[PDB]
Structure formats: C-alpha cells, structure tokens
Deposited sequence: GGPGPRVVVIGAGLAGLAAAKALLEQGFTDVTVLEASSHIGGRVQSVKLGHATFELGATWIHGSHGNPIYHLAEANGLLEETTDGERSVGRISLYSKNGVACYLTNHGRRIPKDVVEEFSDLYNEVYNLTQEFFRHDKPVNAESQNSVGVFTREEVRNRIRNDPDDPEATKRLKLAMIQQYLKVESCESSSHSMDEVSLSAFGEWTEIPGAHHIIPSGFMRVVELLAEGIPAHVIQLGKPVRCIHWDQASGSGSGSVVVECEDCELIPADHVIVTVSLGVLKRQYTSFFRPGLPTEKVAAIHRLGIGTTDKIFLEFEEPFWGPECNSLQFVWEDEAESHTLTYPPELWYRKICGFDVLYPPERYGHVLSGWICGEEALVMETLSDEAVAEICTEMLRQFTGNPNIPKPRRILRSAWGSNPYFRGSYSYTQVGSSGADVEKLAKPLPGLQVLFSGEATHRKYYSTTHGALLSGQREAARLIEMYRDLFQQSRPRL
C-alpha cells in the first residue's frame, strides 16, 4: 500500500517532512517521537497566565522565512538601559561602559576588515580582545581602577559571545502554537509519542530498512528521515546505524559542533532592580587578567553574563531571564532547583550590593545538554569544520534508504527553527522527486 516512510523526531524538521509527504499523497507515513511532546527544541511553558520559552524564543524577521508566514497568517505574532554591576555591589558608570563598547566595536571592525570561514570568524574575536586589552593597558589617561573594570568587561563580552550563534519577533501565546499549526493537518495515528528509536537497519533483504525501537518493536520501512539533533548523532551514531555510516558522514558528525545553551527564569514576589534597568550585567573585577573559555565545575555560575528583566510586568510578573552556555550549563543541569535558585540569589545580592534580596518564589530552567533526546541546544560550524561538513551530514545513504534532516543539516539556516522546518521539506522533496522519476521513467 505505497512506500512506507518513517520519520524519527516530531520537532519542526520531522513535522515539516511528514506534512510535505502527506500533502503529496504518501499515505503510509509514521512519525516516531522519543518524548511525550511535539516541537522538540520548541518548548513553551505557562506559569499562571504568563508563557515562557525554554527553547526557541525568536523568529529571525523576514517575509520569506516560512515560520514568520505561518505565524502572521494565523495572527499569533507581535524602556531603559543595561545596568553593568561589579562583584563588589557597585554600578559601572554609563561613560565607562560606552567607552569600552566603542573601543571594542572600533577594534572588531579594523580586525573584521583585515579578514569569511569558521576559523576566520572565531579569530576576529580572539585578536579583537587582545588588541582591546592592549589599548586599555597602554591608555596613558585612564586610572588603574577603571582599567581593571574595562579589562574584566572583555571577559563579560567573551561570555555573551559564547551564547551567540544565529529582525526578531516573539509569539506571546507560545512558540508551540507554530508547532501545533504544522501538526493540525497530520492525522492522529501518524505521530507515535513515547517511541524512541534505538537503531536504523539498512541494506536489508518487502522493506529494505528495519527501525529498531527502544521498546524492542521492529518496524519495516522503505525510507527513514532522521531529524534527531547533532547531539544525539554524536552520542549514538556507533549503535544507531547498522551497517556503520560512511566515514565522510562520521567525520562530519565529529567536526560539526553542538552547544548546550540553557535558560534560567527567576520569578520574584517584588522587584529589587531600578526601573531604568533592562538587564543586570555581571562584571567580576578579579577576571581582568583571565581569558577563561570554560570554568571548573565549582565556578559554573561565573559563565552567567547577567539577567534580562522581562517586560511588561503584567504579562510575565517580576522575572529575571538568564542564559548559560557551554560545559558550565551541563554542571548547572546536575544541580537542584533550590541549589541553582540559592546561587543566583547570592550572585544578585553581591552584584546589587543589597543583602536582603529574597530567594525567588519560583524557578524555571531548560536542560538540553543532559536530555538524551537533545544533548545540546543548536549546531555550529566549529573552529576546524566548514559548510562541506553540513552537506556531508545532509547527504542521504544509498537508495534514499536513510535521509538526514534537522537544523544541523541546513547549509545557511542551521541553529534556527526555519532551518529545521526547511531541512524537513528538503528531505520530503527528495523522496517526492525520486518517485516522480519512477512515474516519468515507466
């Protein structure tokens, strides 16, 4: 009864692939989702009336962006200053920050002009910071205390740059509404929840592919679209494919990077922050000399660059939204809500110079790195890798027996929701063209 297609993952890529096939008259389609939910790294949570994003937060502008189009078409779509604080409870003056910002931006451009691959982009940052460090050290007119603060702001910027990897729209109702739109069309029977896959068996001798589920169910199939993260692949490629993947694809899985980026929300009964403060930015004065990329686990909290104040209060309450990227996010994920809440409260006391700040009423946080269905937040082309690795990863296996979809497999829109969606449509489109060729040949 037609070709049997199995999609692994009910994130944007898996749902987009499933929908595209169903719309082109593929009846025998089943989505195997590991978790109890759809959307994957799109995860919207409601604390009372308020809606908080634990994954994807922003749509990256654009009319061509098919997630903007989805949202706008269904009508889902829609202050003050960054307060820089020192670890001895002092605010850094406007003029110091503004002076640093301009020095950094001037030196970043003189560097970026001098250089556009992965190793190029990274080295702009590295040589910018060392030149900025020189210009501060060698400035004859700045006093000692001011130089120590500005040098520590290099380390604060470095932490902000560590989370960065791509004008910007939010969905106040929840990013999960966009996910629910894609899934509307899909019949109920198609999406199997709580159904993690253990291994894909290909080059077999009615069904040349067998999907081995964790619950030991064997599902024969003609084609499999794999949408699991680069994190899942890195951890499981050795056991997840029989026979082994082509060595080019194994190399791609090794060379491409995936970052753990977790969100920390702190709900307070009353606010303790000035009405001029959009954010609290944490500058540790003892980090003037350090070039620290990864902190030891005891100092995981130091990788938090600061906290944004959510606006408006009536929508969200009095909530601080922090980000933590890298191995320090994995350490954070191992700690209890009380242990995390306590350390963030301690930090905010030290940085505000106000020892009477109460522990937050509630705490909400993501755990993407430790989750065996994600093992990270988003992909990037790493200091070593290229766009060739993304093409290698995306490349189907012989017979289109296994196709590779997901954000990581998208050449220009990797680490985005639209990248995921479009990577799904690409692989669905690949099958459609293959079965058009059989129609045209015969």
No C-alpha positions exist for deposited residues 1-2, 81-97, 135-139, 191-210, 250-253, 491-494
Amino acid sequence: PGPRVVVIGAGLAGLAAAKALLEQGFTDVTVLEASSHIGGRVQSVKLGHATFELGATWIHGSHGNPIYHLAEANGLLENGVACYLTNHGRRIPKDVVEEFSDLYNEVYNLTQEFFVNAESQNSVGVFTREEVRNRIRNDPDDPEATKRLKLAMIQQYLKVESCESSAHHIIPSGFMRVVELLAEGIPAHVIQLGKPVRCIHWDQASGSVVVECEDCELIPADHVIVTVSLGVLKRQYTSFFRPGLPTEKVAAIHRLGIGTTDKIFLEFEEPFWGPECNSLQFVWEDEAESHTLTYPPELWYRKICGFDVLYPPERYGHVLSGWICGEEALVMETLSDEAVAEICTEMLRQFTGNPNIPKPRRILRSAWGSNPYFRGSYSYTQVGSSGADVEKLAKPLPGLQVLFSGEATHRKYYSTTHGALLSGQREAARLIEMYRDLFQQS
From here on, numbers count along this sequence of modelled residues.
Which wins on mean Cα temperature factor, 292-300 or 363-371? 292-300
Would you determine, from the values in the PDB entry, which of 342-350 and 106-114 has the greater average C-alpha temperature factor? 106-114
Looking at 395, 49, 410, 41, which has the highest CA B-factor as recorded? 49
So if I compare the CA B-factors in the entry for 417, 377, 35, 385, which one is the largest? 385
Relative to the other modelled residues of the same chain, rank the CA B-factor of residue 241 and answer lowest, middle or highest third. lowest
What third of its chain's C-alpha B-factors does residue 355 belong to: lowest, middle or highest? highest
Quick one: classify residue 405 as lowest, middle or highest third of the chain based on its Cα B-factor. lowest
Sorting the chain's modelled residues by C-alpha B-factor and splitting them into thirds places residue 323 in the lowest
Comparing residue 195 with the other modelled residues of its chain, is its CA B-factor in the lowest, middle or highest third? lowest
